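Questions regarding the structure given below will be posed in turn.
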Amino acid sequence: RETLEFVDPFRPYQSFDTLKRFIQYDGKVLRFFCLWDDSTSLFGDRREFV
Amino acid sequence: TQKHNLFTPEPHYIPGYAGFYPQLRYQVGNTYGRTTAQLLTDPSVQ
Amino acid sequence: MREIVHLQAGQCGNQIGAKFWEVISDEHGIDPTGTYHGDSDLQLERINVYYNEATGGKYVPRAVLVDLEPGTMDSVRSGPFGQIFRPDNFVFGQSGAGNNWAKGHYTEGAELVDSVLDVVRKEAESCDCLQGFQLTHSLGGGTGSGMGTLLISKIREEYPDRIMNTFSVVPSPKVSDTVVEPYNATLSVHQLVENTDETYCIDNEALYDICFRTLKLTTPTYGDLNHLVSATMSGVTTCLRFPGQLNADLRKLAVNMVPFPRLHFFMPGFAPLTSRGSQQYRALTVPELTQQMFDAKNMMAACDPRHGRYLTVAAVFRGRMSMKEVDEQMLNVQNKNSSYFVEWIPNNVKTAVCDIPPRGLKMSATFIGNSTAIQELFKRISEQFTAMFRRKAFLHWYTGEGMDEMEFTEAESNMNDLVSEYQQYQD
Amino acid sequence: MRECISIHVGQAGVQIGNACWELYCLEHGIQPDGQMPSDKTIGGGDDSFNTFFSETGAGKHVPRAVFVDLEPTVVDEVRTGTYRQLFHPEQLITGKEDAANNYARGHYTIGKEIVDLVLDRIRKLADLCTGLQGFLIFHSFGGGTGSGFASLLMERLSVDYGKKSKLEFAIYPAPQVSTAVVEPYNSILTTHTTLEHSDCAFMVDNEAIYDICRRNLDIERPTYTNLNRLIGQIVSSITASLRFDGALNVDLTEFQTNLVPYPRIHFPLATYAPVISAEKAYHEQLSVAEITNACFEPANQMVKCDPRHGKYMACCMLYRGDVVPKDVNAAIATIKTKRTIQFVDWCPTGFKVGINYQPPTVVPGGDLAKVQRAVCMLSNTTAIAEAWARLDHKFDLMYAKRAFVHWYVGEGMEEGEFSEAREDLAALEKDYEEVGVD
Amino acid sequence: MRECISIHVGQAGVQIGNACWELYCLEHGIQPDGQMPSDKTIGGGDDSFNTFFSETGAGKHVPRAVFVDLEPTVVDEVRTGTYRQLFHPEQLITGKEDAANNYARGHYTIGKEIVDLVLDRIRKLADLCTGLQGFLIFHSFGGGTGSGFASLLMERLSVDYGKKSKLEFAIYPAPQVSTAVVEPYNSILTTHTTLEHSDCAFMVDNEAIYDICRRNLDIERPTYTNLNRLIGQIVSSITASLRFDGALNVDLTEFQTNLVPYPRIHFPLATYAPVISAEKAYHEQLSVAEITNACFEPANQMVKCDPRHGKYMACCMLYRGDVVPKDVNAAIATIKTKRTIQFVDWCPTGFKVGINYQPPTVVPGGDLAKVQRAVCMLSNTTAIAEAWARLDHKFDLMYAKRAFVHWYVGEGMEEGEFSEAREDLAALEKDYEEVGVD
Ligand SMILES: Nc1nc2c(ncn2[C@@H]2O[C@H](COP(=O)(O)OP(=O)(O)OP(=O)(O)O)[C@@H](O)[C@H]2O)c(=O)[nH]1
Ligand SMILES: Nc1nc2c(ncn2[C@@H]2O[C@H](COP(=O)(O)OP(=O)(O)OP(=O)(O)O)[C@@H](O)[C@H]2O)c(=O)[nH]1
Ligand SMILES: Nc1nc2c(ncn2[C@@H]2O[C@H](COP(=O)(O)OP(=O)(O)OP(=O)(O)O)[C@@H](O)[C@H]2O)c(=O)[nH]1
């Protein structure tokens, strides 16, 4: 009877969407700063990234 | 009469109607949404 | 080496193949996922008759599934073995059928045929040497008939040297469901009798009777029906993939079984059916296997040959028997009723004995018979077609499709020819 | 895929679509806004809903329906009501005047400026639609407007897209009840213009719904709410096969190819067996035998025709909910064993069966209970001939005394076609008689 | 590198210059004062705002526009507007008098003591800039003063520079609504003087803008503010390729090299598909197929010319937002297959596809919805000769009755120029017919 409940359909599916999250967080941005060390290489030393 | 109400504020009035609504005579403003929004937001009489 | 490619046609054949394939696989020891579990040398060797080999031990079936309704194949893929089936062999159209045979035979099949032919010839060249093809389909279902007629017709001249084993389900003599079933069945059988060589015809009324007789649960499903029929075809296919002092090839069976070109119709029969309590109330012995095999209630394909007579019979056993018991049982039946067969031919008995008993038991069997008993069935369809044709109701669709009633007349002619030759032989 | 387009016109034909869609929202659990819970069902309009609702990335299951009305009152009411957000705004086609119950007014004075709008909307539906098995039209025969505009629209659609089916479901005139005396005229006009383009037309009557409601539901003062719920569950049963799967699937094309033997004669009847009250359903038992006897019971038909006066030539039953094939075939065999239902000599086999697993659902605040096993029966018969006989032998006196003819001629028509329609009808009755005779 | 110069002449074009710059501050977040948020974007002027602004070491973006006006009213008003601190004082060149709607007054009496100032502005802007793709000039054919000084300044810039591009968008006279009967005079004079100097003149009709507005924006008293905002978004679409990047990019140089078949004839037309309102867009789906169908529908054009009675030759087609080029090329192929469009034989392929993945942007307090797929269509067809036929069969009458000629002869002009313009228009008409007939 677990086979006969396996034979008990629902016609399932799954899909996706973007618009609602897209609009909810539309036109916002976080701003953050960071640094990369370079003096490992025998030519470059430092440079800064955002 | 002994019945219900209608016209819920702001969110109200989809485009299409025929029938009077208060102070629709000053509608330089354009979108039906803002029209109706101000229309209900101005019940200021009392 | 020798392999087989399976055709799973129309919605009936779709679920038939579902049950059939899962039955073969579960007997043969392959998981639903694909990673076989090492138990049995002999299956591990003879798997190549059906299953081709991917990497890692995961096995592709050599089956082609076709239908027109996408939801049918969606459900089939949803079953526990869609993952053991391939998208490659999933092909389909867009239009609903209506189960109109002319629709299936002249308008949309006319363009659906080419792609399936290309794919099947891809696999046929992938393999080495086939002996033929086994087809699972319906003659009372629209799409199956309308498509399979064209398919068998064309493959016949594709390769004229292979066996067209056909497996077609038959409508109920008490309720035909599809009201245009007379037309569908007649048109289909017209090309059936031409192209096919061997055909098994299956009617589910006897299945319902056997559900009230030995299945004894009274609350069944078409799944259980498929269980039984799938087991029967399993039994007919077992001899190839297994050792033993017997002959296996479908041709070794057919050339023995059929005397004349126009004799094609066949009667599946099964072996010990076990009820609620007959498990521990039964002794599985040669006399009782023989008896139950020959039993009339046991018979489940078309109808009792009590009205008629036998022409040929074949039986395949699977177990640790000896030749003497089967020979003496054959003599016992021959001399118990030496009248119900035909004096034309002696020795109407054909035998095969495999040494690899199925999973769960120790000896089993299967019975196939050619008897003058399908006369009543195609006679019934004769009255159906005539009593409809006298006033050409519903014919406006078929005329709009664009053929003539003359073609119908030749179909009924061929049908009556089969009737006449069966009668003229037996009597 | 498996989608169809829905159409509704007329005061008659608006609340019915309202209720049918109010049922259609339940099984997919549509929140009256139009948004699913946080659980996952949305996509490219591709799931169980797709057969009715187009839910693209908006997260709003936008229906594939078209409501058209000539009078702003009720359409504005529903636009004030619950699901106006769910409904497509300009899709609600609205007019400013009526057809004055006059078919010819509805067909020649005012229809000419609305067809372009409706055609634009329908083809802009069709472009994104992919499968489009067919249409589902809702109108009325004797309606104040559902005569003329309906006839003209079905003319244009049948002449432009002639490679698909059309299912016409209509409210037949009440045999011994009248709401307007224009009904004979406009009914026969519509019928004679239709039959040569109509494919399958299902007539229903309201007096039998009235009688049923206190026959077993036993609410003695029902309303339009109840009427609409009943016809709604009818159409839900007929669309279940498209909505989900089953033991065997059936389709509108099968309906078309099977139920009708000949052109002209394409006028079936329905019956829904287990209409019953809440406590009745709760503490009473159900099974296939009794529900099938009920569906063939001669007093539950929605047409006051007697089958045992008539006869039978074709039948199709659709079972919804938990069933098994065994008891079904047993019951149909027993019905064949019976001797009162007189099947014609024509079809010794005449039963089209169908199965769907998914049980029918209650509606909140519904006059129904929970069902486990439902069966909708669609039968073709000849007894209906007495109804058309009634209509013609009523029309005779009116066309003899040429009453109200100014109303028609002053707005623009003449009498040749009114003459012609009567022998069209007479052709219908003689066809019934000859085909019914063995 | 890639940066252009803007010119706005005429109290007609002042609102639209104001509006386009207002919209341009949004997408870069240019605060109305002149500084940014706490974010860092300040430098020498090499980053996204580099193509319209020159922000120096104090962080104040400098608009690269020239606002030239003859009547102090509107210039004073906008200079009292919100962005006054953003703008540049003597980039706002102001005059006292008008042209009395007279082209010749605006072309021979007033400007000859103002072109020195305006040329000085433009040259000291040109020296500082380096990219200098070209000028974008706004004027008005139905122009009291946006015509004469327009012609004079374009003459002077033609005779001082000759190796860059000139793009001009001009509001057309209305086909049947004439705000001034000085239109038949001034329009044709400006046209025949410009034909051999202008590169690719574009135009639009404000009546048609209103028509679309109440068609699908469903607004009953829209304003100049809306009329200007929409065309501002149009020019935003046509400079998006400069603003951001994409799969492929196109430029005014390519438009110049590709959208004009022969010399003289450079009069294209424009269309923007998804002009839609909030809830329409919110719960109605958008995709390439239907948006292209809408932009090829005849009634959506903003100039009254039936496409069917003329013939297409040129199309340039620019998408903004997310789109996968597969459906783009599939849809354009389907359009080619569609019969109803009647291409000439000279260019079997005539399409210019362009893509930018950047979505269009809304305006606060706005009346456009949110869009993830949009397109501007800029095409050329032969039907446009109807407007010239209309204006010429007005002007022939009015000239043969020499109405108002006293004004122009008094301010000091003669009739040979009138003739020259007349038969120049005549020549363009037969050129149209010759190119049309294959
Ligand atoms: N697989 C399957 N087939 C069934 C079942 N019950 C009845 N059938 C029969 O299967 C027949 C045909 O299946 P197909 O081979 O796909 O034939 P078809 O051309 O699609 O025509 P129809 O299915 O009859 O409409 C039907 O006519 C039924 O009579 C069932 O439960 N499962
Ligand atoms: N189909 C349907 N008919 C109804 C309903 N309720 C009442 N009727 C009957 O349907 C008829 C309605 O016809 P009409 O009033 O002419 O409708 P109409 O042609 O669209 O135009 P109007 O007269 O302007 O409303 C009446 O005679 C009623 O008896 C209903 O809910 N649905
Ligand atoms: N571009 C634009 N045109 C407008 C506006 N309002 C009206 N118009 C149309 O634009 C034209 C205005 O041109 P003119 O009035 O001749 O402007 P001008 O030559 O600069 O000098 P004035 O006569 O002082 O305005 C008229 O034909 C109007 O139909 C507007 O805000 N912007």
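If you check the header, you will see the structure was determined by electron microscopy, 4.5 Å.
Each residue, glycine too, has its Cβ placed from N, Cα and C.
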Quick check: of E:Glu71, E:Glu279, E:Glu284, E:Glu290, which does Swiss-Prot put in the same GTP site as E:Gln11, E:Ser140, E:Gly144, E:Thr145, E:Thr179, E:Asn206, E:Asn228?
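Within the candidate list, Swiss-Prot flags E:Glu71.
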According to Swiss-Prot, which stretch among E:1-4, E:49-52, E:321-324 corresponds to the feature motif 'MREC motif'?
E:1-4
Using all protein chains in view, find how many other C-beta atoms are within 10 Å of the C-beta of E:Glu71 (GTP binding site).
18
Using DSSP, how many residues in the motif 'MREC motif' (E:1-4) fall into helix, strand and coil?
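The breakdown for the motif 'MREC motif' (E:1-4) reads 0 helix, 0 strand, 4 coil.
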So if I measure Cβ to Cβ from E:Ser140 (GTP binding site) and keep only same-chain residues at least 6 apart in sequence, which ones fall under 8 Å?
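Expected: E:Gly10, E:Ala12, E:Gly13, E:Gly146, E:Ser147, E:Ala170, E:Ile171.
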Can you tell which of the recorded positions E:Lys40, E:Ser48, E:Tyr83, E:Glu254, E:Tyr432 lies nearest to E:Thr179 (GTP binding site) in space, using Cα positions?
E:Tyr432
Can you tell me which of the recorded positions E:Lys40, E:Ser48, E:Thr145, E:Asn206, E:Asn228 is spatially closest to E:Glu254 (active site)? Compare CA atoms only.
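Checking each of E:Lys40, E:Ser48, E:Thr145, E:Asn206, E:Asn228 against E:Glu254 (active site), the shortest Cα distance is to E:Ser48.
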Identify which of the binding-site residues E:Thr145, E:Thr179, E:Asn228 has its Cβ surrounded by the largest number of other Cβ atoms within 10 Å, counting every protein chain shown.
E:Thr145
In Å, rounded, how far does the Cα of E:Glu71 (GTP binding site) sit from the Cα of E:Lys40 (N6-acetyllysine)?
40
Taking the Cβ of E:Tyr432 (phosphotyrosine) as the centre, how many other Cβ atoms fall within a 10 Å radius?
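For E:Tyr432 (phosphotyrosine), the 10 Å Cβ neighbour count is 20.
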Judged by the number of other CB atoms within 10 angstroms, which among E:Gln11, E:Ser48, E:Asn206 is the least packed of the recorded positions?
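So among E:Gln11, E:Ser48, E:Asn206, the recorded positions given, the one with the fewest Cβ atoms within 10 Å is E:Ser48.
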In terms of DSSP three-state secondary structure, what is the assignment for E:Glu254 (active site)?
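Reduced to three states, the DSSP call for E:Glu254 (active site) is helix.
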Work through the binding-site residues one by one (E:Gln11, E:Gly144, E:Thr145, E:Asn206) and name whichever has its CA nearest to the CA of E:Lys40 (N6-acetyllysine).
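Of the binding-site residues E:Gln11, E:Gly144, E:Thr145, E:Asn206, E:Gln11 has its Cα closest to that of E:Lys40 (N6-acetyllysine).
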Once the chains shown are all counted, how many other Cβ atoms turn up within 10 Å of the Cβ of E:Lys40 (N6-acetyllysine)?
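11, counting other Cβ atoms within 10 Å of E:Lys40 (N6-acetyllysine).
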